[PDB]
Amino acid sequence: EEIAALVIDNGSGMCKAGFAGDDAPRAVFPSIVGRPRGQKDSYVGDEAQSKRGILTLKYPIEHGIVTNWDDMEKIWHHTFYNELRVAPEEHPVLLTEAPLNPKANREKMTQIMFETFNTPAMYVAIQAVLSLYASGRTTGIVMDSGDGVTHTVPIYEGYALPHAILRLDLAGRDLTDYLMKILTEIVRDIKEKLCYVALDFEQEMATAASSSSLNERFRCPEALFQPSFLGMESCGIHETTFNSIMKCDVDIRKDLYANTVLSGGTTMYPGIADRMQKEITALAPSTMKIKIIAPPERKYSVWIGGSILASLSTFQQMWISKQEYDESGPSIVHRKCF
Amino acid sequence: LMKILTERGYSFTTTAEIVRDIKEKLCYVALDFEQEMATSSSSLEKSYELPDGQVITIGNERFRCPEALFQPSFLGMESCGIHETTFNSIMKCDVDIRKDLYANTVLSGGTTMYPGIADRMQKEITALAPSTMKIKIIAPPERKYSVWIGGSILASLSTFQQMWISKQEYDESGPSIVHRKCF
Amino acid sequence: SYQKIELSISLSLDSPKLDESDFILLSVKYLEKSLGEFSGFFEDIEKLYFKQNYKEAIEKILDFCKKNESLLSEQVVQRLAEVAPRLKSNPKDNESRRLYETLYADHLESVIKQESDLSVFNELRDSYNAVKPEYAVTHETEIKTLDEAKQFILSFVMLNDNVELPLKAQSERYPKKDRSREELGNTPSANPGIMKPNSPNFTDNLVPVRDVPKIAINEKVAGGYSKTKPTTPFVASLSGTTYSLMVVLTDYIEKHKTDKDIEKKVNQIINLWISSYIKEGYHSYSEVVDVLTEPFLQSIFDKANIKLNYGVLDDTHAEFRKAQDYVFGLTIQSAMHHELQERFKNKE
C-alpha cells in the first residue's frame with residue numbers, strides 16, 4: 001500500500017498543504033510563528049493570531065526567501081505533525097521554491113528534511129513551473145503574485161530561464177495597508193470581497209465621480225499596474241511581462257506570448273485577464289498574437305501542480321533517496337533538481 | 001539471524017535465551033533480493049511465540065539469512081556463493097561433459113530446504129551459463145535425509161554384496177584396502 | 001606516512017597484554033581516523049566505557065566497522081575481528097581504565113568547583129557530630145573550598161565499624177570482598193589511581209613520589225568481587241567506609257527532606273566522595289558505586305525521592321582521548337620490548 005506523498009507550498013504568507021493527488025489543498029494555514037511577548041516555545045500559525053494580543057509574531061518567509069529556518073522547521077513540524085496528521089518519515093516530500101532562490105536555501109531545505117524530519121525522500125520545485133503544469137503547458141510565462149513577491153518567470157520547454165526571471169516585491173501585503181490610506185486584518189479581507197481591476201481607468205474614475213455605486217475597488221488593484229501608487233521605482237506588471245518576454249530569443253517569444261499564464265494569490269482579482277491583454281498586446285508587435293490564461297484556480301495553482309507532479313508515474317525516479325543525501329551531502333539537490 | 005534480530009530489538013544472549021525454528025519455518029530465498037527488500041507493506045512479516053507467550057515478529061530478515069549463501073560478504077567472506085560455485089566447477093570440467101552436468105544440479109542438505117533455493121539458482125546459473133544450454137535444478141522434497149536415503153538404496157541392491165570389504169581381507173592388507181575397494 | 005599509524009595498530013593490536021578495554025579505546029581512534037555523522041557512535045560507545053560495558057560496545061563497534069567497511073579497509077576489519085573473541089581482563093593489568101578514571105576525577109572536581117555553594121557540606125557536619133560524637137569533628141565554621149570539604153568528607157573513617165555495622169550486614173555483596181589479609185606493604189609510586197608503580201605515565205600526568213599501598217586479591221574467597229566484576233580496575237574489596245557516608249547521610253536526608261534542593265546537595269557530596277577517593281587511590285568508581293547501588297541503601301533515596309547521578313558526566317571525551325593515546329604508545333614500546341629480547345638472543 002504505497003505511502004502517500006506530501007506536497008507543501010510554502011507561500012509567503014499562507015501555507016497550503018496536502019497529500020498526493022488531492023483536488024484541493026487540505027491544509028491552509030498562516031505561515032507565521034509567534035511566541036509570548038499551553039506553554040509553547042513555539043506557536044505556529046493560526047493559534048498565534050488568537051493571541052495577536054500577547055505574542056511576538058514573526059514571518060519566516062519574506063519575499064519568498066526563507067529568512068528564519070528555526071521557525072520554518074516549526075511550520076513543517078506543525079504541518080506534518082498537527083495539520084496533516086502524518087508521520088513525516090512515512091511519506092515522500094515535495095517542496096516549492098521561489099524563482100531566484102539562492103543556493104543555500106536549497107541546501108538547507110534538504111538538511112532539515114533528512115535529519116530533523118527523517119523524510120523518506122525529498123524534491124524541490126519552482127513555483128512558477130509548477131503552476132504551468134496545472135494549466136498543462138510546459139512552455140510559457142507565469143506571473144505569480146503572492147502575499148509577498150510577484151515573480152515573472154519565462155520558461156522554455158519545461159525549463160525556466162534564469163537570465164530572465166524578474167522579481168518584483170509587490171504583493172497582497174503591499175496592496176493592503178494602502179487600502180487603509182485610501183479607505184480612510186479588517187482590511188485585507190475587504191480588499192478581496194469588493195475590489196476589481198478596471199479596463200479603462202480614467203474612464204472608470206469618471207464613472208466614480210458620476211455616481212456613488214461604491215473609487216477604491218479599482219484603485220487598489222491599480223497599485224499593481226501603476227506602482228507609483230506606493231512609491232515604487234518599478235513598472236507595471238504589464239511591462240515587466242513584456243520585458244521578460246523581451247529577453248528570450250526570437251524563436252521562443254512567439255509562444256511565450258501565446259502562453260502567458262497568470263498564477264498566484266493576488267491575481268484573482270476579477271478581470272485581471274483582460275487588462276493584461278490590453279496592456280501586453282498594445283505594447284507588443286502588432287503582428288503578434290497573445291493569449292493570457294488566468295485559470296480560475298490560480299490561487300492554488302502551484303500546489304495543484306505539485307500534486308499532479310507527485311502523482312506521476314515518472315516523477316517516481318527523480319526522488320532523492322536517503323542514500324543519495326548521505327552519499328552526497330546537501331549538494332544533491334543541485335544534481336537532482338534544476 | 002541472532003545478530004539481525006538483536007539489532008531489531010529481540011535479544012538472544014544465552015545458549016538459547018529458537019532461531020533455527022525461525023530459520024526453517026519462516027525464512028525463504030528470493031529471486032531478487034532487491035524487490036523483496038522494497039516490499040512498505042509489512043506483509044512479509046510472520047510472527048511466532050516464545051515459550052511464555054511473548055510473540056515477536058520477524059521480517060526483512062526472512063530473506064537475508066538465506067542469502068548469506070548467495071552473497072556471503074554479509075558475513076565477512078569472499079567466496080561467492082552457491083550460485084557461482086556451481087558454475088566455477090562446471091567450468092573446470094570438460095566441455096564434453098558439461099551438457100550433462102548442467103541439466104543435473106541436485107540440491108541436497110538441510111540448508112536447501114529453504115523455499116526458493118531452486119529458482120534463484122535457476123536465475124543465477126541460467127544467466128551465467130551459455131545461452132544454448134538446457135537446465136533443470138532438481139530439488140527432491142526429501143532432501144533433509146537424502147544422503148542416508150541414497151545409502152539404503154545401495155545396500156538394498158543384490159549387487160552391493162560384492163563391494164563389501166570383509167574382515168578377512170582387512171587383516172592382511174590393513175586399512176589400505178579402502179583405496180582399493182572403495183573408490 | 002599515515003600507513004605507519006595504521007600498521008602501528010595492526011601491530012598494537014597484537015600485544016600479549018591487550019584486553020577488552022584497550023580495544024575499545026584504540027579502535028575508536030582507528031575509526032575516528034580511518035574515516036575522518038558518526039559522531040554519535042563515539043559517544044554511545046563512550047557512555048558504555050564509563051559504565052564498564054565493554055562487552056556490548058566492542059561488538060557494536062565491530063558492527064559499525066563492517067557496515068561502514070566501505071570507508072574502512074579489509075585489513076582493519078580482519079584484524080579487529082580476530083582479536084575480539086579472545087578477550088578477557090585482569091584487574092591487575094587493566095591500566096588504561098585507571099588513567100581514565102584518574103583523570104575523570106579531576107574532571108568531576110572542577111565541576112564541583114563550578115558548583116558554588118559549598119554550604120551543603122557545612123550542614124553535613126551537624127549530622128556527623130550526632131553519629132559519632134565521641135569522635136566529633138570540630139572544625140572550620142565554614143568549609144569554604146573543596147579541599148576543606150574533601151578532607152573532612154574523608155574523615156568518616158572516624159565513624160567506626162561500630163556505627164556502621166547495622167548497615168554492612170544486610171548486604172549480600174560486602175561479605176564477598178576479596179582483599180587478602182596479607183600485609184604486603186607500601187610501594188612508592190608516580191600516580192595514585194594507576195597504582196601500578198611501573199606504568200607508563202606521561203610526564204604531564206605525574207604527581208609527587210607518594211608511597212602507595214600494595215594490596216593483594218584473595219582469589220579464594222568464594223564470590224570474590226574481582227571474580228564477579230573483572231572490568232573494574234583493581235579491587236580487592238568493596239567500599240566499606242561508604243557504609244559510613246550513609247549514616248551521616250541518613251540522618252541528613254531526614255532532616256533536610258524539607259529543603260527542596262537536597263537532590264542537588266546529596267549528589268554534590270556523593271560525587272565528591274567518588275572523585276577524591278579515586279584520586280587518592282583508595283578505591284575504584286565501581287567499588288564505591290556498587291555499594292550505594294544496593295537494594296537496602298537505595299531505599300533511603302527512594303523515600304525522599306532523590307535520583308542519584310553517581311558522578312556520570314557525559315562529556316568524558318577528553319579523558320577518552322587521552323587514554324587512547326596511552327595505549328598507542330604503551331603497546332608499541334612493549335611490542336618491541338621483545339624485538340630486542342629476540343635480536344639480543346641472536347648474539348648469544
# chains A, B, ... in the order shown; residues from 1 in each chain; ligands from 1
call {"tool": "residues_around", "arguments": {"residues": "residue A:27", "least_positions_apart": "6", "cutoff": "9 Å", "atoms": "only C-alpha atoms", "output": "short mmCIF file (atom, residue, chain, number, x, y, z; two decimals) with N, CA, C and O atoms, in the first residue's frame"}}
result
data_model
loop_
_atom_site.label_atom_id
_atom_site.label_comp_id
_atom_site.auth_asym_id
_atom_site.auth_seq_id
_atom_site.Cartn_x
_atom_site.Cartn_y
_atom_site.Cartn_z
N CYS A 15 0.27 29.11 3.94
CA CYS A 15 0.92 27.93 3.52
C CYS A 15 -0.18 27.07 3.16
O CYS A 15 -1.21 27.11 3.79
N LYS A 16 0.00 26.30 2.10
CA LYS A 16 -1.03 25.44 1.62
C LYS A 16 -0.46 24.04 1.55
O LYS A 16 0.59 23.88 0.98
N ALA A 17 -1.14 23.04 2.09
CA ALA A 17 -0.58 21.69 2.13
C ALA A 17 -1.51 20.55 1.90
O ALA A 17 -2.72 20.70 1.95
N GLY A 18 -0.96 19.38 1.63
CA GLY A 18 -1.77 18.23 1.41
C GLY A 18 -1.07 17.01 0.93
O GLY A 18 0.13 16.97 0.91
N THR A 79 3.04 21.28 10.27
CA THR A 79 2.31 20.82 9.11
C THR A 79 2.13 19.32 9.14
O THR A 79 1.03 18.83 9.06
N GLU A 83 -1.27 19.36 11.49
CA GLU A 83 -2.26 19.67 10.47
C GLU A 83 -2.41 18.65 9.32
O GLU A 83 -3.41 18.66 8.62
N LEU A 84 -1.43 17.77 9.10
CA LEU A 84 -1.58 16.74 8.08
C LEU A 84 -1.77 15.39 8.71
O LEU A 84 -2.16 14.43 8.06
#
call {"tool": "closest_atom_pairs", "arguments": {"of": "chain C", "to": "chain B", "cutoff": "9 Å", "atoms": "only C-alpha atoms", "output": "Markdown table"}}
result
| residue | atom | partner | partner_atom | distance |
| --- | --- | --- | --- | --- |
| C:66 | CA | B:76 | CA | 7.7 |
| C:77 | CA | B:76 | CA | 8.8 |
| C:78 | CA | B:76 | CA | 8.6 |
call {"tool": "write_last_selection", "arguments": {"atoms": "N, CA, C and O atoms", "output": "PDB file, in the first residue's frame"}}
result
ATOM      1  N   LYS C  66      32.068  -3.152   9.992  1.00  0.00           N
ATOM      2  CA  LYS C  66      31.605  -3.862   8.807  1.00  0.00           C
ATOM      3  C   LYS C  66      30.611  -3.139   7.961  1.00  0.00           C
ATOM      4  O   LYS C  66      30.680  -3.176   6.763  1.00  0.00           O
ATOM      5  N   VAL C  77      39.199  -4.548   9.548  1.00  0.00           N
ATOM      6  CA  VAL C  77      38.144  -5.431   9.935  1.00  0.00           C
ATOM      7  C   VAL C  77      38.628  -6.849  10.162  1.00  0.00           C
ATOM      8  O   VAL C  77      38.152  -7.520  11.039  1.00  0.00           O
ATOM      9  N   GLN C  78      39.551  -7.321   9.365  1.00  0.00           N
ATOM     10  CA  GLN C  78      40.053  -8.644   9.570  1.00  0.00           C
ATOM     11  C   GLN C  78      40.673  -8.682  10.931  1.00  0.00           C
ATOM     12  O   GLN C  78      40.238  -9.423  11.782  1.00  0.00           O
TER      13      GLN C  78
END
call {"tool": "residues_around", "arguments": {"residues": "residue A:247", "least_positions_apart": "3", "cutoff": "12 Å", "atoms": "only C-alpha atoms", "output": "list in words"}}
result
residues 153, 154, 155, 161, 162, 163, 164, 165, 166, 240, 241, 242, 243, 244, 250, 251, 252, 253 and 256 of chain A
call {"tool": "write_last_selection", "arguments": {"atoms": "N, CA, C and O atoms", "output": "PDB file, in the first residue's frame"}}
result
ATOM      1  N   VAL A 153       8.361  34.635 -14.498  1.00  0.00           N
ATOM      2  CA  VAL A 153       9.284  33.629 -14.985  1.00  0.00           C
ATOM      3  C   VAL A 153       8.964  33.118 -16.338  1.00  0.00           C
ATOM      4  O   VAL A 153       7.899  32.568 -16.538  1.00  0.00           O
ATOM      5  N   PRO A 154       9.888  33.280 -17.280  1.00  0.00           N
ATOM      6  CA  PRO A 154       9.728  32.754 -18.622  1.00  0.00           C
ATOM      7  C   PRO A 154      10.282  31.360 -18.695  1.00  0.00           C
ATOM      8  O   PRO A 154      11.368  31.173 -18.210  1.00  0.00           O
ATOM      9  N   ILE A 155       9.581  30.402 -19.278  1.00  0.00           N
ATOM     10  CA  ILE A 155      10.003  29.015 -19.292  1.00  0.00           C
ATOM     11  C   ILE A 155      10.023  28.522 -20.684  1.00  0.00           C
ATOM     12  O   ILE A 155       9.127  28.822 -21.416  1.00  0.00           O
ATOM     13  N   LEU A 161      14.078  30.185 -17.420  1.00  0.00           N
ATOM     14  CA  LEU A 161      15.184  30.880 -17.937  1.00  0.00           C
ATOM     15  C   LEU A 161      15.658  31.709 -16.797  1.00  0.00           C
ATOM     16  O   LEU A 161      15.035  32.688 -16.455  1.00  0.00           O
ATOM     17  N   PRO A 162      16.792  31.340 -16.222  1.00  0.00           N
ATOM     18  CA  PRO A 162      17.353  32.036 -15.086  1.00  0.00           C
ATOM     19  C   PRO A 162      17.730  33.443 -15.405  1.00  0.00           C
ATOM     20  O   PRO A 162      17.568  34.308 -14.575  1.00  0.00           O
ATOM     21  N   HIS A 163      18.255  33.687 -16.582  1.00  0.00           N
ATOM     22  CA  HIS A 163      18.637  35.025 -17.000  1.00  0.00           C
ATOM     23  C   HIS A 163      17.472  35.993 -17.038  1.00  0.00           C
ATOM     24  O   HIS A 163      17.679  37.177 -16.863  1.00  0.00           O
ATOM     25  N   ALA A 164      16.270  35.523 -17.350  1.00  0.00           N
ATOM     26  CA  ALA A 164      15.120  36.405 -17.466  1.00  0.00           C
ATOM     27  C   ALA A 164      14.048  36.374 -16.396  1.00  0.00           C
ATOM     28  O   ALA A 164      12.995  36.949 -16.584  1.00  0.00           O
ATOM     29  N   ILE A 165      14.260  35.687 -15.294  1.00  0.00           N
ATOM     30  CA  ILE A 165      13.280  35.768 -14.243  1.00  0.00           C
ATOM     31  C   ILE A 165      13.434  37.150 -13.687  1.00  0.00           C
ATOM     32  O   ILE A 165      14.536  37.583 -13.442  1.00  0.00           O
ATOM     33  N   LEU A 166      12.338  37.860 -13.486  1.00  0.00           N
ATOM     34  CA  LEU A 166      12.375  39.185 -12.925  1.00  0.00           C
ATOM     35  C   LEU A 166      11.457  39.158 -11.759  1.00  0.00           C
ATOM     36  O   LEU A 166      10.331  38.742 -11.871  1.00  0.00           O
ATOM     37  N   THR A 240       6.613  44.606 -17.166  1.00  0.00           N
ATOM     38  CA  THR A 240       7.511  43.606 -16.673  1.00  0.00           C
ATOM     39  C   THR A 240       7.331  42.388 -17.546  1.00  0.00           C
ATOM     40  O   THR A 240       8.287  41.817 -18.005  1.00  0.00           O
ATOM     41  N   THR A 241       6.107  42.038 -17.880  1.00  0.00           N
ATOM     42  CA  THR A 241       5.888  40.815 -18.617  1.00  0.00           C
ATOM     43  C   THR A 241       6.368  40.962 -20.005  1.00  0.00           C
ATOM     44  O   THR A 241       6.895  40.044 -20.580  1.00  0.00           O
ATOM     45  N   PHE A 242       6.261  42.139 -20.545  1.00  0.00           N
ATOM     46  CA  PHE A 242       6.667  42.339 -21.909  1.00  0.00           C
ATOM     47  C   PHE A 242       8.156  42.301 -21.862  1.00  0.00           C
ATOM     48  O   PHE A 242       8.790  41.688 -22.691  1.00  0.00           O
ATOM     49  N   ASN A 243       8.733  42.918 -20.850  1.00  0.00           N
ATOM     50  CA  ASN A 243      10.183  42.975 -20.726  1.00  0.00           C
ATOM     51  C   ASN A 243      10.845  41.633 -20.628  1.00  0.00           C
ATOM     52  O   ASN A 243      11.860  41.389 -21.240  1.00  0.00           O
ATOM     53  N   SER A 244      10.298  40.784 -19.787  1.00  0.00           N
ATOM     54  CA  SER A 244      10.827  39.484 -19.605  1.00  0.00           C
ATOM     55  C   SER A 244      10.776  38.872 -20.897  1.00  0.00           C
ATOM     56  O   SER A 244      11.737  38.301 -21.320  1.00  0.00           O
ATOM     57  N   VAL A 250      14.219  35.229 -30.221  1.00  0.00           N
ATOM     58  CA  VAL A 250      13.026  35.359 -31.028  1.00  0.00           C
ATOM     59  C   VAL A 250      12.308  34.073 -31.292  1.00  0.00           C
ATOM     60  O   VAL A 250      11.092  34.040 -31.394  1.00  0.00           O
ATOM     61  N   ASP A 251      13.044  32.989 -31.341  1.00  0.00           N
ATOM     62  CA  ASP A 251      12.462  31.714 -31.691  1.00  0.00           C
ATOM     63  C   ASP A 251      11.552  31.201 -30.626  1.00  0.00           C
ATOM     64  O   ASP A 251      10.783  30.288 -30.862  1.00  0.00           O
ATOM     65  N   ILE A 252      11.638  31.769 -29.439  1.00  0.00           N
ATOM     66  CA  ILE A 252      10.853  31.258 -28.332  1.00  0.00           C
ATOM     67  C   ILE A 252       9.764  32.206 -27.883  1.00  0.00           C
ATOM     68  O   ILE A 252       8.806  31.771 -27.284  1.00  0.00           O
ATOM     69  N   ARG A 253       9.876  33.488 -28.222  1.00  0.00           N
ATOM     70  CA  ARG A 253       8.898  34.506 -27.831  1.00  0.00           C
ATOM     71  C   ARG A 253       7.553  34.311 -28.426  1.00  0.00           C
ATOM     72  O   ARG A 253       6.563  34.708 -27.860  1.00  0.00           O
ATOM     73  N   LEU A 256       5.821  32.469 -25.937  1.00  0.00           N
ATOM     74  CA  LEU A 256       5.773  32.969 -24.601  1.00  0.00           C
ATOM     75  C   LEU A 256       4.575  33.873 -24.500  1.00  0.00           C
ATOM     76  O   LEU A 256       3.923  33.937 -23.492  1.00  0.00           O
TER      77      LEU A 256
END
call {"tool": "interface_residues", "arguments": {"of": "chain A", "to": "chain C", "cutoff": "12 Å", "atoms": "only C-alpha atoms", "output": "count of residues only"}}
result
4
call {"tool": "interface_residues", "arguments": {"of": "chain A", "to": "chain B", "cutoff": "10 Å", "atoms": "only C-alpha atoms", "output": "ChimeraX atom specification"}}
result
/A:1-3,90
call {"tool": "write_last_selection", "arguments": {"atoms": "N, CA and C atoms", "output": "compact mmCIF listing (two decimals), in the first residue's frame"}}
result
# COMPACT_ATOMS: atom_id res chain seq x y z
N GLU A 1 0.87 -1.15 0.00
CA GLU A 1 0.00 0.00 0.00
C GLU A 1 0.89 1.17 0.00
N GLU A 2 1.11 1.80 -1.14
CA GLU A 2 2.09 2.87 -1.15
C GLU A 2 1.87 4.10 -0.31
N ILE A 3 2.95 4.62 0.25
CA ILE A 3 2.86 5.80 1.08
C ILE A 3 2.57 7.07 0.32
N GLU A 90 7.20 8.51 6.99
CA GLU A 90 6.50 7.56 6.22
C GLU A 90 6.06 8.09 4.89
call {"tool": "residues_around", "arguments": {"residues": "residue C:133", "least_positions_apart": "4", "cutoff": "12 Å", "atoms": "only C-alpha atoms", "output": "PyMOL selection string"}}
result
chain C and resi 125-129+137-138+156+158-160+163+248
call {"tool": "residues_around", "arguments": {"residues": "residue C:203", "least_positions_apart": "6", "cutoff": "12 Å", "atoms": "only C-alpha atoms", "output": "list in words"}}
result
residues 190, 191 and 326 of chain C
